[PDB]
Amino acid sequence: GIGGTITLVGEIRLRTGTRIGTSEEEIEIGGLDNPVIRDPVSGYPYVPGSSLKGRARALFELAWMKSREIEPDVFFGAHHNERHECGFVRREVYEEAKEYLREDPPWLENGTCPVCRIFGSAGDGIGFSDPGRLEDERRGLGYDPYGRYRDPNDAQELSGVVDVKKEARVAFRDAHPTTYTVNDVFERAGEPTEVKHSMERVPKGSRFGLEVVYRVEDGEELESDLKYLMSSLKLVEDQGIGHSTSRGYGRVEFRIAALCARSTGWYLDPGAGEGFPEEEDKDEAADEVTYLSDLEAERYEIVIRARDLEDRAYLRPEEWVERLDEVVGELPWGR
Ligand SMILES: [Zn+2]
């Protein structure tokens, strides 16, 4: 593998202001999904890591599906139109399943599923190895859409191969407002106030700390994962961290100042350390990445700064993608 982590560090800037929370009514009618909620502890609005991850996953899986022109029946299976889950999460699974495949599942790349391997999966949620479920009208699609990919008679064999849970390679830290956001942005607007345990709103320009941790598991999929992870963040930028019935809700920017890497080997000799954010990083960033001033420096093996790649304090998700060859070359994986 071997293991260890790559940590994205920066902040989320809102391009638009938002309400805090939702309502019983909107929740009932199936309308406004708003991830920005009140923190019982601090009393300030924040964006839970799980909500960011969920949103990034929901948008990426759709983009992945359409980019490969896959019919939703095939892509979502028994889940119909959302939450794609498959067990093709490691190359072993595909090699092991290849004998029973008439044709490659179209959402696969080099034998594995980017959606599920990155954002996790409960297993064979789409029911790829469960034709009985698929063909049932109430429990499935009323037919088997996977005929061309596998014989329904080989499903029970597949069911011992392709139905394995996978823990997500990415984890999002709860995004709380930065000190700048509390002392300046919130103060300038007179809202929101400290309301521990609407009619207050989160002003446009508000900034929430961004930490995203990616677990390196497969060196061969490292760069590809980073591309898709960044891409999912780009999608969240374009479509919002939340949504109403009609359009996106909560326009955001992911201002990513650095990629911070720690390999398993490095834990044996921590002293070979690059710190982030250091004082220099803080002077270079804020006012552009305000979260850095709230942070004490942490020890990493290698720190890739936006400043190393470009005359910038931060790069946006799509900008990191364009320079990923350059980035991965400097990381302690792939020799
Ligand atoms: Zn999948």
# chains A, B, ... in the order shown; residues from 1 in each chain; ligands from 1

call {"tool": "residues_near_ligand", "arguments": {"ligand": "ligand 1", "cutoff": "6 Å", "atoms": "only C-alpha atoms and all ligand atoms", "output": "list in words"}}
result
residues 84, 85, 86, 113, 115 and 116 of chain A

call {"tool": "select_by_dssp", "arguments": {"residues": "segment 191-273 of chain A", "states": "alpha helix (DSSP H)", "output": "JSON, numbers by chain"}}
result
{"A": [222, 223, 224, 225, 226, 227, 228, 229, 230, 231, 232, 233, 234, 235, 236, 237, 238, 239]}

call {"tool": "residues_around", "arguments": {"residues": "segment 161-164 of chain A", "least_positions_apart": "5", "cutoff": "9 Å", "atoms": "only C-alpha atoms", "output": "ChimeraX atom specification"}}
result
/A:86-89,93-94,96-97,121-125,127-129

call {"tool": "closest_residue", "arguments": {"among": "A:158, A:27, A:20, A:12", "to": "residue 212 of chain A", "atoms": "only C-alpha atoms"}}
result
A:12

call {"tool": "residues_around", "arguments": {"residues": "residue 284 of chain A", "least_positions_apart": "5", "cutoff": "9 Å", "atoms": "only C-alpha atoms", "output": "PDB file with N, CA, C and O atoms, in the first residue's frame"}}
result
ATOM      1  N   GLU A 279       4.108  29.845  10.327  1.00  0.00           N
ATOM      2  CA  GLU A 279       3.870  31.286  10.358  1.00  0.00           C
ATOM      3  C   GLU A 279       3.921  31.886   8.958  1.00  0.00           C
ATOM      4  O   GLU A 279       3.117  32.753   8.613  1.00  0.00           O
ATOM      5  N   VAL A 289      -6.977  32.590   2.934  1.00  0.00           N
ATOM      6  CA  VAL A 289      -7.359  31.348   3.602  1.00  0.00           C
ATOM      7  C   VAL A 289      -7.285  31.575   5.108  1.00  0.00           C
ATOM      8  O   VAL A 289      -6.267  31.298   5.741  1.00  0.00           O
ATOM      9  N   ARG A 307       1.315  27.456  -3.132  1.00  0.00           N
ATOM     10  CA  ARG A 307       2.433  28.374  -3.309  1.00  0.00           C
ATOM     11  C   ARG A 307       3.628  27.712  -4.007  1.00  0.00           C
ATOM     12  O   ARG A 307       4.404  28.379  -4.690  1.00  0.00           O
ATOM     13  N   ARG A 312      -0.028  31.672  -5.817  1.00  0.00           N
ATOM     14  CA  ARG A 312      -1.345  31.679  -5.183  1.00  0.00           C
ATOM     15  C   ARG A 312      -1.260  31.178  -3.749  1.00  0.00           C
ATOM     16  O   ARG A 312      -0.392  30.371  -3.417  1.00  0.00           O
ATOM     17  N   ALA A 313      -2.177  31.638  -2.906  1.00  0.00           N
ATOM     18  CA  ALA A 313      -2.232  31.183  -1.524  1.00  0.00           C
ATOM     19  C   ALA A 313      -3.012  29.872  -1.441  1.00  0.00           C
ATOM     20  O   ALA A 313      -2.824  29.081  -0.517  1.00  0.00           O
TER      21      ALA A 313
END

call {"tool": "residues_around", "arguments": {"residues": "residue 18 of chain A", "least_positions_apart": "5", "cutoff": "7 Å", "atoms": "only C-alpha atoms", "output": "PyMOL selection string"}}
result
chain A and resi 201-203+250

call {"tool": "atom_distance", "arguments": {"atom1": "atom CA of residue 155 of chain A", "atom2": "atom CA of residue 140 of chain A"}}
result
15.6 Å

call {"tool": "atom_distance", "arguments": {"atom1": "atom CA of residue 47 of chain A", "atom2": "atom CA of residue 175 of chain A"}}
result
5.0 Å

call {"tool": "atom_distance", "arguments": {"atom1": "atom CA of residue 235 of chain A", "atom2": "atom CA of residue 210 of chain A"}}
result
16.4 Å

call {"tool": "closest_residue", "arguments": {"among": "A:267, A:143, A:19, A:193", "to": "residue 33 of chain A", "atoms": "only C-alpha atoms"}}
result
A:19

call {"tool": "closest_residue", "arguments": {"among": "A:241, A:226, A:285, A:168", "to": "residue 320 of chain A", "atoms": "only C-alpha atoms"}}
result
A:226

call {"tool": "closest_residue", "arguments": {"among": "A:327, A:63, A:6, A:222", "to": "residue 239 of chain A", "atoms": "only C-alpha atoms"}}
result
A:63

call {"tool": "residues_around", "arguments": {"residues": "residue 106 of chain A", "least_positions_apart": "5", "cutoff": "10 Å", "atoms": "only C-alpha atoms", "output": "count of residues only"}}
result
9

call {"tool": "residues_around", "arguments": {"residues": "residue 310 of chain A", "least_positions_apart": "2", "cutoff": "12 Å", "atoms": "only C-alpha atoms", "output": "list in words"}}
result
residues 257, 258, 304, 305, 306, 307, 308, 312, 313, 314, 315, 316, 319, 320, 322, 323, 326 and 327 of chain A

call {"tool": "write_last_selection", "arguments": {"atoms": "N, CA and C atoms", "output": "PDB file, in the first residue's frame"}}
result
ATOM      1  N   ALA A 257      -5.314  25.185   0.458  1.00  0.00           N
ATOM      2  CA  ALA A 257      -3.993  25.794   0.541  1.00  0.00           C
ATOM      3  C   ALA A 257      -2.865  24.778   0.388  1.00  0.00           C
ATOM      4  N   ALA A 258      -3.106  23.540   0.808  1.00  0.00           N
ATOM      5  CA  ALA A 258      -2.049  22.538   0.787  1.00  0.00           C
ATOM      6  C   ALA A 258      -2.559  21.102   0.822  1.00  0.00           C
ATOM      7  N   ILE A 304       2.616  19.711   0.157  1.00  0.00           N
ATOM      8  CA  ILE A 304       2.501  20.335  -1.156  1.00  0.00           C
ATOM      9  C   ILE A 304       1.623  21.576  -1.062  1.00  0.00           C
ATOM     10  N   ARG A 305       2.236  22.746  -1.196  1.00  0.00           N
ATOM     11  CA  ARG A 305       1.515  24.007  -1.085  1.00  0.00           C
ATOM     12  C   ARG A 305       1.088  24.504  -2.454  1.00  0.00           C
ATOM     13  N   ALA A 306      -0.023  25.231  -2.494  1.00  0.00           N
ATOM     14  CA  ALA A 306      -0.441  25.918  -3.709  1.00  0.00           C
ATOM     15  C   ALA A 306       0.680  26.857  -4.135  1.00  0.00           C
ATOM     16  N   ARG A 307       1.315  27.456  -3.132  1.00  0.00           N
ATOM     17  CA  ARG A 307       2.433  28.374  -3.309  1.00  0.00           C
ATOM     18  C   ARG A 307       3.628  27.712  -4.007  1.00  0.00           C
ATOM     19  N   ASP A 308       3.751  26.395  -3.858  1.00  0.00           N
ATOM     20  CA  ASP A 308       4.801  25.641  -4.543  1.00  0.00           C
ATOM     21  C   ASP A 308       4.511  25.458  -6.031  1.00  0.00           C
ATOM     22  N   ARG A 312      -0.028  31.672  -5.817  1.00  0.00           N
ATOM     23  CA  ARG A 312      -1.345  31.679  -5.183  1.00  0.00           C
ATOM     24  C   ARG A 312      -1.260  31.178  -3.749  1.00  0.00           C
ATOM     25  N   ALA A 313      -2.177  31.638  -2.906  1.00  0.00           N
ATOM     26  CA  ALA A 313      -2.232  31.183  -1.524  1.00  0.00           C
ATOM     27  C   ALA A 313      -3.012  29.872  -1.441  1.00  0.00           C
ATOM     28  N   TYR A 314      -3.874  29.651  -2.429  1.00  0.00           N
ATOM     29  CA  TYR A 314      -4.702  28.454  -2.493  1.00  0.00           C
ATOM     30  C   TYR A 314      -4.999  28.094  -3.944  1.00  0.00           C
ATOM     31  N   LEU A 315      -5.351  26.836  -4.187  1.00  0.00           N
ATOM     32  CA  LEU A 315      -5.874  26.442  -5.489  1.00  0.00           C
ATOM     33  C   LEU A 315      -7.275  25.870  -5.321  1.00  0.00           C
ATOM     34  N   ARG A 316      -8.128  26.119  -6.306  1.00  0.00           N
ATOM     35  CA  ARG A 316      -9.472  25.563  -6.309  1.00  0.00           C
ATOM     36  C   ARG A 316      -9.385  24.100  -6.752  1.00  0.00           C
ATOM     37  N   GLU A 319      -8.298  23.352 -10.187  1.00  0.00           N
ATOM     38  CA  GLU A 319      -6.914  23.749 -10.417  1.00  0.00           C
ATOM     39  C   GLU A 319      -5.938  22.693  -9.904  1.00  0.00           C
ATOM     40  N   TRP A 320      -6.278  22.065  -8.783  1.00  0.00           N
ATOM     41  CA  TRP A 320      -5.484  20.955  -8.264  1.00  0.00           C
ATOM     42  C   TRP A 320      -5.472  19.779  -9.236  1.00  0.00           C
ATOM     43  N   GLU A 322      -5.722  19.842 -12.555  1.00  0.00           N
ATOM     44  CA  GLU A 322      -4.876  20.169 -13.697  1.00  0.00           C
ATOM     45  C   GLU A 322      -3.388  19.983 -13.407  1.00  0.00           C
ATOM     46  N   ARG A 323      -3.025  19.996 -12.130  1.00  0.00           N
ATOM     47  CA  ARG A 323      -1.624  19.904 -11.732  1.00  0.00           C
ATOM     48  C   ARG A 323      -1.329  18.629 -10.942  1.00  0.00           C
ATOM     49  N   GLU A 326       1.972  16.721 -11.598  1.00  0.00           N
ATOM     50  CA  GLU A 326       2.993  17.485 -10.903  1.00  0.00           C
ATOM     51  C   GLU A 326       2.978  17.199  -9.398  1.00  0.00           C
ATOM     52  N   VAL A 327       1.784  17.195  -8.810  1.00  0.00           N
ATOM     53  CA  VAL A 327       1.617  16.957  -7.375  1.00  0.00           C
ATOM     54  C   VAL A 327       2.043  15.553  -6.939  1.00  0.00           C
TER      55      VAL A 327
END

call {"tool": "select_by_dssp", "arguments": {"residues": "segment 109-276 of chain A", "states": "strand (DSSP E or B)", "output": "NGL selection string"}}
result
:A and (109 or 112 or 121 or 150 or 166 or 170-172 or 175 or 177 or 201-202 or 207-215 or 242-243 or 248-249 or 252-262 or 274-276)

call {"tool": "closest_residue", "arguments": {"among": "A:303, A:56, A:216, A:229", "to": "residue 3 of chain A", "atoms": "only C-alpha atoms"}}
result
A:216

call {"tool": "closest_residue", "arguments": {"among": "A:209, A:293, A:151, A:185", "to": "residue 254 of chain A", "atoms": "only C-alpha atoms"}}
result
A:209
